[PDB]
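This document starts with one chain, in the form deposited in one PDB entry, laid out as structure tokens.
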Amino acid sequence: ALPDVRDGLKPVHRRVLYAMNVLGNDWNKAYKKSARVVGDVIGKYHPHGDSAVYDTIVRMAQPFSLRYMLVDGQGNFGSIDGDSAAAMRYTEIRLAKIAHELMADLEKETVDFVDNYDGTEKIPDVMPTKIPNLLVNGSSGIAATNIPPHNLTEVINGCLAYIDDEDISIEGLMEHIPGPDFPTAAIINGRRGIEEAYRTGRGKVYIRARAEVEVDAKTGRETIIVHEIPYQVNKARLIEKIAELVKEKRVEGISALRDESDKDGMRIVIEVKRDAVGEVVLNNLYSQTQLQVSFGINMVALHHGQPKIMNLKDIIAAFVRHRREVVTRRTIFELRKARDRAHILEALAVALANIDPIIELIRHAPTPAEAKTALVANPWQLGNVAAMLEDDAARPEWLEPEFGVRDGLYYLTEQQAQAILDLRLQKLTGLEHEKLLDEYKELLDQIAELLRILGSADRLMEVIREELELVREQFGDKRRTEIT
């Protein structure tokens, strides 16, 4: 599958993250065993093999795999030497903080949902992401796409620059986004390959290990130290290949080879023979090993449901258009939700102002259906809530004109009558009664504010911008990969 251009996710990734969200497997709550999330995914969303689901989770937790990890893992999640993760019953996971930004406002009718595999559950078609995840975490797929990861600060600055100037050039965007940024650091060589990829969607660059020749001050002997290796290279396999080249005499001048890497960092030590030149040995290692690799940037993603080759500007534009859709839908949802709640609260307020006749009516009703019928049959006096209740701004858009406040009287709907019948006796106490009235007044202010936002293109675009700025403050970090 190709990633969606808007959230950077393939279905399997989206299913995992959604399952974690539904479970409440939050960044600020206790870790859960990986098996619990796997079992949920398998059962409800991705019924295709515990090991493939668990592999997805593992990869999302590994700091050498994802530039911004989506899963916060505790335990053994494998290594850059290709060691396996521990079994899913042993490792523990929760959502990374940044994953919550990928899923912000999911409950606010911001994205379309589709059926799961058996038609018993709903799954988001795309996440309502505040993070430009496709660019920052990248994607690959060989069945094809190959998008490298990027620095979040840089990409947010590029998004804001596009919002400021929709005609910005690729050169203009590259002042903010000079190239990829790998979790594994190292060096990118080929500035024109970057530019070609950003302009056209395709370009080839080379990634090189950070390695130096050291000279021992007392003896003059040379040692090559490798500090950082290219993205997606397996360190153990790299060291084995070097040993094989030394054995076959395809690379000369190496007296010893040792991995001294540990928890604190990578350190591959290659000692140079006294009669060899360190720089020459190192150059031969770059030409014959994965100390240098090519990376064919191929920026293909799903856009309006179809596979598309996309340039840097196309990708940014799609993300920003997604934010516009999300924020507009979210604000419409909040307005609807507030109007619906205010509508119920009007009924409860009117009922509580008429508590004596309401009780009398209900007590003498043979059944709840007959009580509901009696509640809606005649309108109610407003009493001391007249001023509070008497703009049509708070009325739900679906409410017919025969209902609500009309000439000093309240005409209830059957659903309002049901809300009255559902009122608990404890709502008659002073504090509970007052809380309902206060909530109504707050909702009126919230409705007015939401209408001001929906009425103003400037307000809406500002909400989009400010959300991007906040992401940069909360999650932006330093560049790791040097571009040459």
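Numbers follow the displayed sequence, beginning with 1.
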Missing coords for residue 271 in a third or more of other PDB entries: yes
Residue 329 coordinate gap across at least a third of other entries: no
message: Can you count the deposited residues that have no coordinates between residue 360 and residue 361 and report it as none, 1 to 3, 4 to 9, or 10 or more?
response: none
statement: Counting residues of the deposited sequence that sit between residue 143 and residue 144 but have no coordinates, the total is 1 to 3
message: Per the record, averaged over C-alpha atoms, which has the higher B-factor: 311-319 or 79-87?
response: 79-87
- prompt: Comparing 325-333 with 108-116, where is the mean C-alpha B-factor higher?
  reply: 108-116
- request: Among the candidates 207, 377, 131, 170, give the one with the maximum CA B-factor reported in the record.
  value: 377
message: Checking the record values for 286, 411, 182, 198, which has the greatest CA B factor?
response: 411
- prompt: If you rank the chain by CA B-factor, which third does residue 256 end up in: lowest, middle or highest?
  reply: highest
task: Can you work out whether the C-alpha temperature factor of residue 438 puts it in the lowest, middle or highest third of the chain?
output: highest
statement: Of the three thirds of the chain ranked by Cα temperature factor, residue 5 occupies the lowest
- line: Of the three thirds of the chain ranked by Cα temperature factor, residue 193 occupies the middle
- line: Entry-reported C-alpha B-factor of residue 123 relative to its chain, by third, is middle
